[PDB]
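Quick heads-up: it's one chain on its own, the form deposited in one PDB entry, in structure tokens.
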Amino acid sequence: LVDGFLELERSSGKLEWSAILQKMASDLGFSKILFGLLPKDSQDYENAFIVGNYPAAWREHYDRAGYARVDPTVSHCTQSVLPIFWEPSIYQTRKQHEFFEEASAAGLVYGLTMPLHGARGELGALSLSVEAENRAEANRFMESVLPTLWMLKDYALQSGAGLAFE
């Protein structure tokens, strides 16, 4: 992990930094990731610094549909530093049910979101999806790597904020 952080901090450009983070996540056993960050006091989700390997058409759809206002992980991240797991119980409204269906069609069904709150008031999220047979298999896998992920999200924040905002 630490060696990954140092690779990130010796990277040059967004592409390489993204490559490194994606590989860290893959090596931990996640398949798709999205790292997003906004500067202090922005709610301009449509212009967030976004890194990762979510399907492009899914990212486009999310922006067009204004899903930042629906996605239950977004409001969660504005209120908490703790992880939110992608459990059925987080999708409550009608729009949130539509979101779950559309994300699932994108292959994003099992996963979690770690909120990011930076030392300079950056607001973000590190979302990570996992391929599994069922939700129970996914949840066992996630619980097994959670301590590593918990450290990773802060390493990714510290490094990524520098990249994003300078």
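Here the rigid core means the biggest group of C-alpha atoms that line up within 1.5 Å when the two forms are laid on top of each other. Start at 1 with the first residue shown and count on from there.
Not pictured, yet referred to below: the form deposited in another entry.
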After aligning the rigid core, which of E101, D27, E137, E46 is the one whose Cα travels 2 Å or more between the shown form and the other one? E46
Does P147 show a Cα shift reaching 2 Å between the shown form and the other one after rigid-core superposition? no
Relative to the superposed rigid core, does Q158 relocate between the shown form and the other one - that is, does its Cα move 2 Å or more? no
